[PDB]
Asker: 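My questions all concern the structure below.
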Amino acid sequence: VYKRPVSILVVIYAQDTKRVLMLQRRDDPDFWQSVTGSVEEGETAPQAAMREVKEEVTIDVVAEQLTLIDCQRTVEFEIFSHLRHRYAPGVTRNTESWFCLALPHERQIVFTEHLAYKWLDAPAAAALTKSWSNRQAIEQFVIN
Ligand code: NI
Ligand code: NI
Ligand code: NI
Ligand code: NI
Ligand code: NI
């Protein structure tokens with residue numbers, strides 16, 4: 001069914017090294033990203049952020065007593081041409097809200113939506129992703 005054009009982004013990084021967890025998409029294997037996901041009907045952006053973090057990298061933020069920071073930033077961007085097919089007819093814009101998740105250390109990731117994961121220094125991660133909003137969020141909330 002159609003993806004929804006309201007989404008979240010969670011920049012996951014490790015507090016000690018400042019390396020950024022990057023995940024390799026399966027629909028576009030050249031697309032490495034932080035965690036993104038559609039906000040579903042009747043759920044809030046923070047709810048979606050926590051749900052997608054649990055789904056995509058098997059990190060439970062409530063149980064692990066971690067802190068999902070609302071970055072208080074929302075941007076809108078054009079859906080990539082070759083991925084637009086997954087949205088309702090005529091949907092071309094996506095509105096995305098930003099979140100931060102600092103883990104104490106780099107760790108092993110069990111992932112489900114992706115092909116592979118890498119821990120990268122924040123400029124490398126920012127330079128790797130194809131999404132300008134993901135790049136901006138790493139620059140603004142990891143690098144400072
Ligand atoms: Ni996702
Ligand atoms: Ni999803
Ligand atoms: Ni997902
Ligand atoms: Ni999904
Ligand atoms: Ni420790």
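In each ligand, atom 1 is the first atom listed, and ligand 1 is the first ligand listed. All residue numbers refer to positions in the sequence shown, counting from 1.
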Asker: Taking all non-hydrogen atoms of both residues into account, name the closest pair between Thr95 and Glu76 and its distance.
Answerer: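 Minimum heavy-atom contact is OG1-OE1, 3.6 Å.
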
Asker: Hey, is the main chain of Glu55 close enough, under 3.5 Å, to the side chain of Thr112 for a donor-acceptor pair?
Answerer: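 Checked: pair present.
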
Asker: Between OE1 of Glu113 and OE1 of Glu52, what angle is found at the Ni ion (ligand 3), rounded to 10 degrees?
Answerer: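 With the Ni ion (ligand 3) as the vertex, the angle is close to 170°.
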
Asker: Centroid-to-centroid, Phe80 to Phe31, below 6.0 Å?
Answerer: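 Yes - the distance between ring centres of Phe80 and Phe31 falls below the 6.0 Å cut-off.
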
Asker: Within 2.8 Å of the Ni ion (ligand 1), is there any N, O or S atom belonging to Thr36?
Answerer: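 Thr36 does place an N, O or S atom closer than 2.8 Å to the Ni ion (ligand 1).
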
Asker: Any salt bridge linking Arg86 with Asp27? Criterion: basic side-chain nitrogen under 4.0 Å from a carboxylate oxygen.
Answerer: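 Looking at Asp27 together with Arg86, the answer is no, because their closest N to O distance does not fall below 4.0 Å.
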
Asker: Is the distance from the Ni ion (ligand 1) to some N, O or S atom of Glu56 under 2.8 Å?
Answerer: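 Within the cut-off used here (under 2.8 Å), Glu56 does place an N, O or S atom near the Ni ion (ligand 1).
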
Asker: Using a cut-off of strictly less than 2.8 Å, determine whether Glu55 has an N/O/S atom near the Ni ion (ligand 1).
Answerer: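 Looking at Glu55, which is the residue asked about, there is no N, O or S atom under 2.8 Å from the Ni ion (ligand 1).
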
